[PDB]
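Student: Got a structure here, written out as structure tokens. Questions coming.
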Amino acid sequence: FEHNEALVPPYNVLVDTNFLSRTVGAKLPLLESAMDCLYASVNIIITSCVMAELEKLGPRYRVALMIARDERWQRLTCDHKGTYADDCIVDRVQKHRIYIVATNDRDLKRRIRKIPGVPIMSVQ
Amino acid sequence: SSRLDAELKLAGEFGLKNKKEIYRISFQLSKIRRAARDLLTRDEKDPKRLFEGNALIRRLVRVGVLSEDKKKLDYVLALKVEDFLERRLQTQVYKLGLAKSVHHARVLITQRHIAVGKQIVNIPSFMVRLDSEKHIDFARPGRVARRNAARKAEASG
Amino acid sequence: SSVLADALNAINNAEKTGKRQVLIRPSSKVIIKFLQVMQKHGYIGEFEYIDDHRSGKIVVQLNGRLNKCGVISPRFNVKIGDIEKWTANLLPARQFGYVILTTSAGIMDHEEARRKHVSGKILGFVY
RNA sequence: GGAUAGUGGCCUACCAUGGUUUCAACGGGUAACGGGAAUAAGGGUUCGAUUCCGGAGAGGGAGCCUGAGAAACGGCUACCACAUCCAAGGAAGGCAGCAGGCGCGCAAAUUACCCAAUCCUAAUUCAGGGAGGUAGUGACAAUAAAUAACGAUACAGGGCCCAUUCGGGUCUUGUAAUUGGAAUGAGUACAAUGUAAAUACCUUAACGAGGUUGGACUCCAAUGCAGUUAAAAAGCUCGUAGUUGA
RNA sequence: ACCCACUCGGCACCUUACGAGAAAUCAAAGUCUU
């Protein structure tokens with residue numbers, strides 16, 4: 001598609017809040033799942049906005065938070081945690097179309113496909 | 001699309017090495033099981049982790065594998081694909097002078113010429129290991145490789 | 001009409017309101033026993049002090065997270081391909097989990113009878 | 001006792017009443033023909049090879065046949081039946097050991113080559129071996145996955161790309177120009193692992209020996225559930241079966 | 001006896017600082033990643 005590649009191990013993957021919930025309440029090993037599909041070392045991360053949003057969810061749905069605050073995902077310190085998870089990831093990946101995005105938000109995925117060179121992952 | 005820009009990537013590797021197909025598919029799947037079975041470390045040091053260890057680790061390889069480390073060979077999943085590619089004559093036989101430039105290479109690999117220290121090796125996608133012997137052999141004689149030995153300084157990687 | 005979720009669904013049914021726990025069923029070697037494995041792993045406070053008809057043994061102070069709900073469950077299998085699988089009931093692999101199984105020997109916990117390779121019935125699951 | 005060649009209720013008798021059996025016996029019901037190797041810390045793997053094993057059919061029936069040795073299929077007969085040749089008169093004939101056409105009709109390669117082995121039978125040899133083998137056919141299942149490019153020069157328009165709207169990017173690109181090796185393919189002895197013959201078809205060896213789409217010549221991408229509603233609560237209560245049930 | 005408060009019985013209702021569901025409504029259909 002005319003997109004010049006320069007991705008190198010370990011892949012940087014932003015995991016969104018929905019994916020985190022999902023993998024938690026269905027017992028899906030998110031870390032190993034990504035290393036499996038990317039077939040290489042992966043650094044799994046979550047923006048501060050995504051994990052904050054989880055924090056609210058965490059008030060009545062305990063379990064996502066702990067996994068989401070795990071070193072496996074390493075925090076990506078965005079400048080705008082206040083912005084919906086969706087917009088957060090979008091504004092972070094818009095300058096760094098480098099990072100792979102794992103999201104359950106088919107709306108966020110659609111608007112990321114626009115940007116050349118953004119691997120997209122999700123759970124069926 | 002990612003499908004699209006992928007179908008770009010592949011064509012990139014399509015002479016990032018030299019192929020013409022989906023041997024990129026070959027090497028790919030390889031990388032899978034390599035990782036895969038491997039990544040299924042998991043686990044401990046089960047005397048199994050042991051044999052499998054220095055085992056898959058004895059992937060090395062020459063022209064093949066990594067360099068000196070691991071353990072964690074998923075690095076390969078990064079490489080391998082993007083590394084296992086070279087190694088073999090398909091690659092590491094242009095990067096040795098003889099071959100004027102990939103193309104001007106596979107052709108001799110085939111066309112009788114180009115031989116791995118005794119016996120040709122038409123299988124224009126062998127694999128290299130302890131290479132210093134990858135001469136022409138030839139047995140009036142293999143011309144394209146016998147005089148154009150500008151490889152007389154092919155100190156490359 | 002079922003002393004299990006009966007009272008675990010009062011602790012459950014409580015900490016969600018938030019408080020200092022309350023009364024429950026009647027006692028049950030089992031009630032008391034889960035209302036043990038709980039405490040012993042944490043979660044709950046101190047099983048309590050009642051004694052009546054069968055109303056005996058305990059109330060039981062709350063304390064701590066314990067969020068949310070003790071798990072009641074209403075079938076019963078176990079072991080190997082099992083236990084691990086019904087460990088999907090769990091609120092996530094990476095620790096957290098606890099599945100208060102029933103183990104041929106001992107009313108035990110997802111690991112507490114993962115112990116000496118045990119199995120059997122599936123009594124419940126905590127936090 | 002008699003058969004049985006010779007064991008046996010197997011029968012001649014002769015009588016014993018026996019005994020089988022819920023551990024289900026009598027018994028029933030499952031078209032049932034019917035089922036060997038070894039490694040192996042763990043793993044690695046795998047086998048014998050579409051049943052190692054192993055009873056009952058070779059029109060019907062009968063009786064009979066050989067014999068060391070048949071319930072003799074592929075011996076008879078005779079009988080039946082079919083079922084046939086005919087100078088009238090008589091005088092045939094049962095290849096699930098093959099192939100073949102019908103059919104069946106679901107479903108699959110010439111009525112190849114040799115007994116080259118290695119096995120067969122077999123009489124004092126080297127009989128004969130429908131064994132076996134060899135083929136072909138044959139994605140059959142197929143695989144393989146390797147098949148025009150490497151390079152000489154000029155000539156140069158300026159480029160060509162962007163999302164581009166204008167900006168930007170920067171810059172080879174055409175020769176329907178002039179070089180490359182005695183590139184290589186295909187034929188020729190070439191004996192042949194070699195169907196002692198396939199043994200020239202292999203493997204050689206060589207001898208010789210390169211020509212999808214879209215876009216007007218053009219043009220471009222692969223050779224366990226919401227549950228009121230919105231689809232599913234008998235009036236009302238009673239309750240059995242059932243469901244569960246310190 | 002009347003009333004008064006106050007209790008505890010349980011009366012039914014009514015109500016939502018709670019839980020719902022797919023929403024109007026619900027102290028249930030609140031109700032165990034939905």
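Residue numbering restarts at 1 in every chain; chains get A, B, ... in the order shown in the structure tokens, and ligands count up from 1 in that same order.
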Can you work out which residues from chain C touch chain E at a cut-off of 9 Å (counting only C-alpha atoms (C1' of nucleotides)) and hand them back as a ChimeraX atom specification?
Tutor: /C:13,17,69-73,91
Student: Would you save the residues of that selection, restricted to N, CA and C atoms, as a PDB file, in the first residue's frame?
Tutor:
ATOM      1  N   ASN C  13     -24.282 -10.336  49.167  1.00  0.00           N
ATOM      2  CA  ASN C  13     -25.422  -9.436  49.109  1.00  0.00           C
ATOM      3  C   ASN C  13     -25.240  -8.243  50.013  1.00  0.00           C
ATOM      4  N   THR C  17     -23.431  -3.387  49.415  1.00  0.00           N
ATOM      5  CA  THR C  17     -23.969  -2.230  50.118  1.00  0.00           C
ATOM      6  C   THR C  17     -22.841  -1.560  50.886  1.00  0.00           C
ATOM      7  N   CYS C  69     -19.087 -10.628  45.967  1.00  0.00           N
ATOM      8  CA  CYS C  69     -19.817 -11.863  46.131  1.00  0.00           C
ATOM      9  C   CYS C  69     -18.914 -13.076  46.282  1.00  0.00           C
ATOM     10  N   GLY C  70     -19.181 -13.875  47.311  1.00  0.00           N
ATOM     11  CA  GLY C  70     -18.714 -15.240  47.374  1.00  0.00           C
ATOM     12  C   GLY C  70     -19.448 -15.975  46.246  1.00  0.00           C
ATOM     13  N   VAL C  71     -18.816 -16.967  45.609  1.00  0.00           N
ATOM     14  CA  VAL C  71     -19.461 -17.712  44.508  1.00  0.00           C
ATOM     15  C   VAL C  71     -20.190 -18.978  44.987  1.00  0.00           C
ATOM     16  N   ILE C  72     -21.416 -19.147  44.496  1.00  0.00           N
ATOM     17  CA  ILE C  72     -22.332 -20.141  45.010  1.00  0.00           C
ATOM     18  C   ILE C  72     -22.295 -21.410  44.206  1.00  0.00           C
ATOM     19  N   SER C  73     -22.254 -21.303  42.886  1.00  0.00           N
ATOM     20  CA  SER C  73     -22.257 -22.487  42.005  1.00  0.00           C
ATOM     21  C   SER C  73     -23.218 -23.686  42.373  1.00  0.00           C
ATOM     22  N   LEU C  91     -11.832 -14.392  38.291  1.00  0.00           N
ATOM     23  CA  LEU C  91     -11.785 -12.974  37.944  1.00  0.00           C
ATOM     24  C   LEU C  91     -10.441 -12.576  37.341  1.00  0.00           C
TER      25      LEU C  91
END
Student: Pull out every residue of chain C sitting within 10 Å of chain A, counting only C-alpha atoms, and send them as a list in words.
Tutor: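 In the required form, that comes to residues 16, 65, 66, 67, 68, 85, 87, 88, 89, 90, 91, 92, 93, 94, 95, 96, 97 and 127 of chain C.
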Student: Restricted to N, CA, C and O atoms, what would the selected residues look like written as a PDB file, in the first residue's frame?
Tutor:
ATOM      1  N   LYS C  16     -21.592  -5.330  48.963  1.00  0.00           N
ATOM      2  CA  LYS C  16     -21.956  -4.485  47.837  1.00  0.00           C
ATOM      3  C   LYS C  16     -22.676  -3.242  48.334  1.00  0.00           C
ATOM      4  O   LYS C  16     -22.556  -2.172  47.744  1.00  0.00           O
ATOM      5  N   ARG C  65     -12.081  -5.729  51.258  1.00  0.00           N
ATOM      6  CA  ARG C  65     -12.743  -5.745  49.974  1.00  0.00           C
ATOM      7  C   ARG C  65     -13.723  -6.894  49.990  1.00  0.00           C
ATOM      8  O   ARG C  65     -14.875  -6.716  50.374  1.00  0.00           O
ATOM      9  N   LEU C  66     -13.241  -8.074  49.616  1.00  0.00           N
ATOM     10  CA  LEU C  66     -14.083  -9.262  49.427  1.00  0.00           C
ATOM     11  C   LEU C  66     -15.029  -9.078  48.246  1.00  0.00           C
ATOM     12  O   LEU C  66     -16.135  -9.628  48.239  1.00  0.00           O
ATOM     13  N   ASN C  67     -14.575  -8.313  47.248  1.00  0.00           N
ATOM     14  CA  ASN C  67     -15.411  -7.893  46.121  1.00  0.00           C
ATOM     15  C   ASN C  67     -15.131  -8.666  44.854  1.00  0.00           C
ATOM     16  O   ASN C  67     -14.021  -8.632  44.330  1.00  0.00           O
ATOM     17  N   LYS C  68     -16.172  -9.310  44.345  1.00  0.00           N
ATOM     18  CA  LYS C  68     -17.495  -9.151  44.929  1.00  0.00           C
ATOM     19  C   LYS C  68     -18.265 -10.458  44.942  1.00  0.00           C
ATOM     20  O   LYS C  68     -18.131 -11.288  44.046  1.00  0.00           O
ATOM     21  N   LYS C  85     -10.065 -25.531  33.920  1.00  0.00           N
ATOM     22  CA  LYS C  85     -11.060 -24.977  33.004  1.00  0.00           C
ATOM     23  C   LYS C  85     -12.113 -24.168  33.741  1.00  0.00           C
ATOM     24  O   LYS C  85     -12.332 -23.016  33.404  1.00  0.00           O
ATOM     25  N   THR C  87     -11.612 -22.762  36.156  1.00  0.00           N
ATOM     26  CA  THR C  87     -10.827 -21.645  36.656  1.00  0.00           C
ATOM     27  C   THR C  87     -11.013 -20.464  35.715  1.00  0.00           C
ATOM     28  O   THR C  87     -10.350 -19.445  35.832  1.00  0.00           O
ATOM     29  N   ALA C  88     -11.916 -20.633  34.759  1.00  0.00           N
ATOM     30  CA  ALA C  88     -12.339 -19.551  33.891  1.00  0.00           C
ATOM     31  C   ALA C  88     -13.438 -18.785  34.594  1.00  0.00           C
ATOM     32  O   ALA C  88     -13.774 -17.670  34.191  1.00  0.00           O
ATOM     33  N   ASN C  89     -14.010 -19.398  35.633  1.00  0.00           N
ATOM     34  CA  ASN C  89     -14.976 -18.720  36.501  1.00  0.00           C
ATOM     35  C   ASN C  89     -14.252 -17.547  37.120  1.00  0.00           C
ATOM     36  O   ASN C  89     -14.852 -16.515  37.429  1.00  0.00           O
ATOM     37  N   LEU C  90     -12.941 -17.722  37.276  1.00  0.00           N
ATOM     38  CA  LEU C  90     -12.109 -16.782  38.009  1.00  0.00           C
ATOM     39  C   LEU C  90     -12.084 -15.363  37.409  1.00  0.00           C
ATOM     40  O   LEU C  90     -12.298 -15.162  36.196  1.00  0.00           O
ATOM     41  N   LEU C  91     -11.832 -14.392  38.291  1.00  0.00           N
ATOM     42  CA  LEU C  91     -11.785 -12.974  37.944  1.00  0.00           C
ATOM     43  C   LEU C  91     -10.441 -12.576  37.341  1.00  0.00           C
ATOM     44  O   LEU C  91     -10.102 -11.406  37.344  1.00  0.00           O
ATOM     45  N   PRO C  92      -9.702 -13.569  36.849  1.00  0.00           N
ATOM     46  CA  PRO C  92      -8.431 -13.428  36.102  1.00  0.00           C
ATOM     47  C   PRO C  92      -7.262 -14.325  36.598  1.00  0.00           C
ATOM     48  O   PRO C  92      -7.072 -14.565  37.807  1.00  0.00           O
ATOM     49  N   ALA C  93      -6.495 -14.833  35.638  1.00  0.00           N
ATOM     50  CA  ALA C  93      -5.498 -15.844  35.938  1.00  0.00           C
ATOM     51  C   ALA C  93      -4.539 -15.248  36.921  1.00  0.00           C
ATOM     52  O   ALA C  93      -4.602 -15.567  38.103  1.00  0.00           O
ATOM     53  N   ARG C  94      -3.695 -14.346  36.416  1.00  0.00           N
ATOM     54  CA  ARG C  94      -2.590 -13.744  37.164  1.00  0.00           C
ATOM     55  C   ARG C  94      -2.903 -13.575  38.649  1.00  0.00           C
ATOM     56  O   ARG C  94      -3.238 -12.484  39.111  1.00  0.00           O
ATOM     57  N   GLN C  95      -2.775 -14.674  39.385  1.00  0.00           N
ATOM     58  CA  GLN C  95      -3.159 -14.737  40.789  1.00  0.00           C
ATOM     59  C   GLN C  95      -4.654 -14.512  40.961  1.00  0.00           C
ATOM     60  O   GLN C  95      -5.477 -15.233  40.390  1.00  0.00           O
ATOM     61  N   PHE C  96      -4.978 -13.493  41.748  1.00  0.00           N
ATOM     62  CA  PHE C  96      -6.349 -13.154  42.098  1.00  0.00           C
ATOM     63  C   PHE C  96      -7.143 -14.401  42.455  1.00  0.00           C
ATOM     64  O   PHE C  96      -7.438 -14.638  43.620  1.00  0.00           O
ATOM     65  N   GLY C  97      -7.457 -15.198  41.440  1.00  0.00           N
ATOM     66  CA  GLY C  97      -8.318 -16.359  41.569  1.00  0.00           C
ATOM     67  C   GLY C  97      -8.324 -17.128  42.878  1.00  0.00           C
ATOM     68  O   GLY C  97      -7.358 -17.124  43.642  1.00  0.00           O
ATOM     69  N   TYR C 127     -13.761 -13.999  45.483  1.00  0.00           N
ATOM     70  CA  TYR C 127     -13.200 -12.818  44.797  1.00  0.00           C
ATOM     71  C   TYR C 127     -12.826 -13.083  43.343  1.00  0.00           C
ATOM     72  O   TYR C 127     -13.217 -12.344  42.438  1.00  0.00           O
TER      73      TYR C 127
END
Student: As an NGL selection string, please: every residue in region 3-54 of chain A that a backbone DSSP assignment puts in alpha helix (DSSP H).
Tutor: :A and (17-24 or 30-38 or 48-54)
Student: Export, as an mmCIF file, in the first residue's frame, the selected residues with C-alpha atoms.
Tutor:
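This is the output file selection_21.cif:
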data_model
loop_
_atom_site.group_PDB
_atom_site.id
_atom_site.type_symbol
_atom_site.label_atom_id
_atom_site.label_comp_id
_atom_site.auth_asym_id
_atom_site.auth_seq_id
_atom_site.Cartn_x
_atom_site.Cartn_y
_atom_site.Cartn_z
ATOM 1 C CA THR A 17 -9.742 -0.811 28.234
ATOM 2 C CA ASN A 18 -12.451 -2.883 26.558
ATOM 3 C CA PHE A 19 -9.933 -5.509 25.501
ATOM 4 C CA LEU A 20 -8.633 -5.631 29.040
ATOM 5 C CA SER A 21 -12.079 -6.148 30.620
ATOM 6 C CA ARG A 22 -12.933 -8.680 27.973
ATOM 7 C CA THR A 23 -9.779 -10.754 28.423
ATOM 8 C CA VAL A 24 -10.226 -10.647 32.138
ATOM 9 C CA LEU A 30 -3.659 -11.179 26.846
ATOM 10 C CA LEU A 31 0.141 -11.092 27.108
ATOM 11 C CA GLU A 32 0.733 -14.579 25.676
ATOM 12 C CA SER A 33 -2.021 -13.951 23.156
ATOM 13 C CA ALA A 34 -0.085 -11.025 21.688
ATOM 14 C CA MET A 35 3.304 -12.786 21.698
ATOM 15 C CA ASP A 36 1.541 -15.661 19.939
ATOM 16 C CA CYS A 37 0.001 -13.584 17.202
ATOM 17 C CA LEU A 38 2.916 -11.204 16.716
ATOM 18 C CA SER A 48 -3.178 6.444 31.320
ATOM 19 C CA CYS A 49 -6.606 7.355 29.901
ATOM 20 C CA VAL A 50 -7.432 3.706 29.219
ATOM 21 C CA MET A 51 -6.397 2.561 32.647
ATOM 22 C CA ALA A 52 -8.183 5.467 34.318
ATOM 23 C CA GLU A 53 -11.382 4.451 32.555
ATOM 24 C CA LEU A 54 -10.727 0.945 33.837
#
Student: Would you please give, as number ranges by chain, all residues of chain A that DSSP assigns to strand (DSSP E or B) based on the backbone?
Tutor: A: 11-15, 42-47, 75-76, 100-102, 120-121
Student: May I have the selected residues written with N, CA and C atoms, as an mmCIF file, in the first residue's frame?
Tutor:
data_model
loop_
_atom_site.group_PDB
_atom_site.id
_atom_site.type_symbol
_atom_site.label_atom_id
_atom_site.label_comp_id
_atom_site.auth_asym_id
_atom_site.auth_seq_id
_atom_site.Cartn_x
_atom_site.Cartn_y
_atom_site.Cartn_z
ATOM 1 N N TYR A 11 7.559 -5.555 19.369
ATOM 2 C CA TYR A 11 6.413 -4.770 18.992
ATOM 3 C C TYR A 11 5.872 -4.002 20.199
ATOM 4 N N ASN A 12 5.405 -2.788 19.946
ATOM 5 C CA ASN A 12 4.809 -1.962 20.984
ATOM 6 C C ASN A 12 3.321 -2.038 20.853
ATOM 7 N N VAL A 13 2.649 -2.641 21.807
ATOM 8 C CA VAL A 13 1.220 -2.749 21.621
ATOM 9 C C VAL A 13 0.414 -2.052 22.707
ATOM 10 N N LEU A 14 -0.425 -1.122 22.265
ATOM 11 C CA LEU A 14 -1.351 -0.421 23.125
ATOM 12 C C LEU A 14 -2.585 -1.270 23.245
ATOM 13 N N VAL A 15 -2.945 -1.564 24.480
ATOM 14 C CA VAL A 15 -4.106 -2.377 24.744
ATOM 15 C C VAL A 15 -5.140 -1.429 25.302
ATOM 16 N N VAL A 42 6.974 -8.763 22.655
ATOM 17 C CA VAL A 42 6.089 -7.610 22.620
ATOM 18 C C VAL A 42 6.142 -6.867 23.926
ATOM 19 N N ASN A 43 6.105 -5.551 23.823
ATOM 20 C CA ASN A 43 6.044 -4.720 24.983
ATOM 21 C C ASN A 43 4.580 -4.351 25.041
ATOM 22 N N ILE A 44 3.863 -4.827 26.048
ATOM 23 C CA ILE A 44 2.447 -4.502 26.100
ATOM 24 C C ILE A 44 2.153 -3.377 27.083
ATOM 25 N N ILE A 45 1.453 -2.357 26.586
ATOM 26 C CA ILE A 45 1.287 -1.107 27.305
ATOM 27 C C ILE A 45 -0.164 -0.708 27.340
ATOM 28 N N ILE A 46 -0.485 0.253 28.208
ATOM 29 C CA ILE A 46 -1.813 0.855 28.247
ATOM 30 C C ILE A 46 -1.722 2.339 28.590
ATOM 31 N N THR A 47 -2.424 3.172 27.847
ATOM 32 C CA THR A 47 -2.376 4.592 28.139
ATOM 33 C C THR A 47 -2.986 4.870 29.502
ATOM 34 N N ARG A 75 2.960 1.395 31.567
ATOM 35 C CA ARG A 75 2.105 2.547 31.337
ATOM 36 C C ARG A 75 2.662 3.410 30.221
ATOM 37 N N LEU A 76 1.828 3.797 29.260
ATOM 38 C CA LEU A 76 2.247 4.873 28.377
ATOM 39 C C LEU A 76 1.722 6.182 28.907
ATOM 40 N N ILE A 100 1.276 -1.048 17.666
ATOM 41 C CA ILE A 100 0.150 -1.850 17.232
ATOM 42 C C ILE A 100 -0.936 -1.613 18.244
ATOM 43 N N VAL A 101 -2.179 -1.694 17.798
ATOM 44 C CA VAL A 101 -3.282 -1.446 18.681
ATOM 45 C C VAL A 101 -4.181 -2.641 18.801
ATOM 46 N N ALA A 102 -4.416 -3.050 20.037
ATOM 47 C CA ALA A 102 -5.342 -4.128 20.320
ATOM 48 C C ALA A 102 -6.543 -3.496 20.992
ATOM 49 N N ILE A 120 -3.582 -4.066 13.655
ATOM 50 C CA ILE A 120 -4.769 -4.059 14.492
ATOM 51 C C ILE A 120 -5.147 -5.468 14.968
ATOM 52 N N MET A 121 -5.328 -5.596 16.269
ATOM 53 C CA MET A 121 -5.609 -6.875 16.876
ATOM 54 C C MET A 121 -6.895 -6.789 17.675
#
Student: Kindly provide, as a ChimeraX atom specification, the residues of chain B having any atom no farther than 6 Å from an atom of chain A, counting only C-alpha atoms.
Tutor: /B:4-5,8,74-75,77-78
Student: Find the residues near region 141-157 of chain B: any atom within 8 Å, counting only C-alpha atoms (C1' of nucleotides), skip ones fewer than 6 places away on the same chain, and give them as a PDB file with N, CA, C and O atoms (P, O5', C5', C4', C3', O3' and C1' of nucleotides), in the first residue's frame.
Tutor:
ATOM      1  N   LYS B  95      26.067 -11.814  -1.313  1.00  0.00           N
ATOM      2  CA  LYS B  95      26.865 -11.160  -0.293  1.00  0.00           C
ATOM      3  C   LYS B  95      28.159 -11.906  -0.110  1.00  0.00           C
ATOM      4  O   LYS B  95      28.541 -12.209   1.009  1.00  0.00           O
ATOM      5  N   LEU B  96      28.824 -12.214  -1.214  1.00  0.00           N
ATOM      6  CA  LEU B  96      30.090 -12.919  -1.171  1.00  0.00           C
ATOM      7  C   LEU B  96      30.828 -12.702  -2.479  1.00  0.00           C
ATOM      8  O   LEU B  96      31.674 -13.498  -2.866  1.00  0.00           O
ATOM      9  N   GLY B  97      30.488 -11.617  -3.162  1.00  0.00           N
ATOM     10  CA  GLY B  97      31.213 -11.206  -4.349  1.00  0.00           C
ATOM     11  C   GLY B  97      30.825 -11.918  -5.631  1.00  0.00           C
ATOM     12  O   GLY B  97      30.356 -11.288  -6.579  1.00  0.00           O
ATOM     13  N   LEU B  98      31.034 -13.228  -5.667  1.00  0.00           N
ATOM     14  CA  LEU B  98      30.803 -13.997  -6.878  1.00  0.00           C
ATOM     15  C   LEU B  98      29.611 -13.441  -7.631  1.00  0.00           C
ATOM     16  O   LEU B  98      29.735 -12.988  -8.769  1.00  0.00           O
ATOM     17  N   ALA B  99      28.463 -13.459  -6.966  1.00  0.00           N
ATOM     18  CA  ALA B  99      27.207 -13.053  -7.577  1.00  0.00           C
ATOM     19  C   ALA B  99      27.169 -11.554  -7.845  1.00  0.00           C
ATOM     20  O   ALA B  99      27.336 -10.765  -6.916  1.00  0.00           O
ATOM     21  N   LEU B 108      23.057 -18.792 -11.912  1.00  0.00           N
ATOM     22  CA  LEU B 108      24.199 -19.702 -11.945  1.00  0.00           C
ATOM     23  C   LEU B 108      23.960 -20.790 -10.921  1.00  0.00           C
ATOM     24  O   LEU B 108      24.313 -21.953 -11.132  1.00  0.00           O
ATOM     25  N   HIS B 113      26.422 -23.772 -12.695  1.00  0.00           N
ATOM     26  CA  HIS B 113      27.479 -23.069 -11.964  1.00  0.00           C
ATOM     27  C   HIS B 113      27.155 -22.898 -10.491  1.00  0.00           C
ATOM     28  O   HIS B 113      26.126 -23.372 -10.015  1.00  0.00           O
ATOM     29  N   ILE B 114      28.040 -22.211  -9.781  1.00  0.00           N
ATOM     30  CA  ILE B 114      27.869 -21.947  -8.356  1.00  0.00           C
ATOM     31  C   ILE B 114      27.697 -23.237  -7.588  1.00  0.00           C
ATOM     32  O   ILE B 114      26.663 -23.886  -7.683  1.00  0.00           O
TER      33      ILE B 114
ATOM     34  P     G D 181      31.965 -12.057 -23.898  1.00  0.00           P
ATOM     35  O5'   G D 181      32.547 -13.409 -23.331  1.00  0.00           O
ATOM     36  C5'   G D 181      32.752 -14.505 -24.197  1.00  0.00           C
ATOM     37  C4'   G D 181      32.077 -15.711 -23.637  1.00  0.00           C
ATOM     38  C3'   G D 181      31.035 -16.343 -24.528  1.00  0.00           C
ATOM     39  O3'   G D 181      31.592 -17.178 -25.525  1.00  0.00           O
ATOM     40  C1'   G D 181      30.137 -16.056 -22.385  1.00  0.00           C
TER      41        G D 181
END
Student: Could you work out which residues of chain C fall inside 12 Å of chain D? Count only C-alpha atoms (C1' of nucleotides), and format the result as a list in words.
Tutor: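 Every residue meeting the condition is included here: residues 1, 2, 3, 25, 26, 27, 28, 29, 30, 31, 53, 54, 55 and 56 of chain C.
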Student: Write a file of the selected residues as a PDB file, in the first residue's frame, keeping C-alpha atoms.
Tutor:
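Generated output (selection_37.pdb):
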ATOM      1  CA  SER C   1     -34.216 -24.172  50.428  1.00  0.00           C
ATOM      2  CA  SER C   2     -30.393 -24.127  49.713  1.00  0.00           C
ATOM      3  CA  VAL C   3     -28.020 -23.011  52.516  1.00  0.00           C
ATOM      4  CA  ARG C  25     -28.378 -19.278  57.404  1.00  0.00           C
ATOM      5  CA  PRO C  26     -28.145 -21.521  60.453  1.00  0.00           C
ATOM      6  CA  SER C  27     -24.502 -22.735  60.615  1.00  0.00           C
ATOM      7  CA  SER C  28     -23.760 -25.742  58.451  1.00  0.00           C
ATOM      8  CA  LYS C  29     -20.467 -27.502  58.726  1.00  0.00           C
ATOM      9  CA  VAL C  30     -20.170 -26.324  55.146  1.00  0.00           C
ATOM     10  CA  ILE C  31     -21.352 -22.693  55.688  1.00  0.00           C
ATOM     11  CA  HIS C  53     -32.052 -24.371  67.349  1.00  0.00           C
ATOM     12  CA  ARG C  54     -29.811 -24.885  64.317  1.00  0.00           C
ATOM     13  CA  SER C  55     -29.326 -21.087  64.317  1.00  0.00           C
ATOM     14  CA  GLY C  56     -26.168 -21.832  66.226  1.00  0.00           C
TER      15      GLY C  56
END
Student: Any idea which chain D residues end up within 8 Å of chain B if we count only C-alpha atoms (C1' of nucleotides), as an MDAnalysis selection string please?
Tutor: chainID D and resid 42 146 149:151 181:182
Student: So that I can check the surroundings of region 55-71 of chain D, please list as a list in words every protein, DNA and RNA residue that reaches within 7 Å of it, counting only C-alpha atoms (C1' of nucleotides) and ignoring chain neighbours fewer than 4 positions away.
Tutor: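 My list of contacting residues is residues 75, 76, 80, 81 and 94 of chain D.
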Student: Please identify every residue of chain D that has at least one atom no more than 12 Å from any atom of chain A, counting only C-alpha atoms (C1' of nucleotides), and report them as JSON, numbers by chain.
Tutor: {"D": [161, 162, 221]}
Student: Of the residues C:36, C:49, C:41, C:76, which is the one nearest to residue 111 (chain C), using only C-alpha atoms?
Tutor: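 For residue 111 (chain C), the nearest of the candidates is C:41.
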Student: Give me the residues near residue 19 (chain C) as a PDB file with C-alpha atoms, in the first residue's frame, where near means some atom within 7 Å (using only C-alpha atoms (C1' of nucleotides)) and where sequence neighbours in that chain fewer than 3 positions away do not count.
Tutor:
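The resulting out.pdb:
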ATOM      1  CA  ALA C  14     -23.866  -7.178  51.678  1.00  0.00           C
ATOM      2  CA  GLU C  15     -20.363  -5.954  50.949  1.00  0.00           C
ATOM      3  CA  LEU C  62     -17.281  -8.211  57.229  1.00  0.00           C
TER       4      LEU C  62
END
Student: List as a VMD selection string the protein and nucleic acid residues near residue 111 (chain D), meaning an atom at most 12 Å away when only C-alpha atoms (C1' of nucleotides) are counted, but skip any in the same chain fewer than 2 places from it.
Tutor: chain D and resid 98 to 100
Student: Can you list, as a list in words, every protein, DNA or RNA residue that comes within 12 Å of residue 49 (chain B) when you count only C-alpha atoms (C1' of nucleotides), leaving out same-chain residues fewer than 5 positions away?
Tutor: residues 37, 38, 39, 40, 41, 42, 43, 44, 54, 55, 56, 57 and 71 of chain B; 42 and 43 of chain D
Student: Could you check how far CA of residue 63 (chain B) sits from CA of residue 126 (chain B), in Å to one decimal?
Tutor: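 Interatomic distance here is 11.2 Å.
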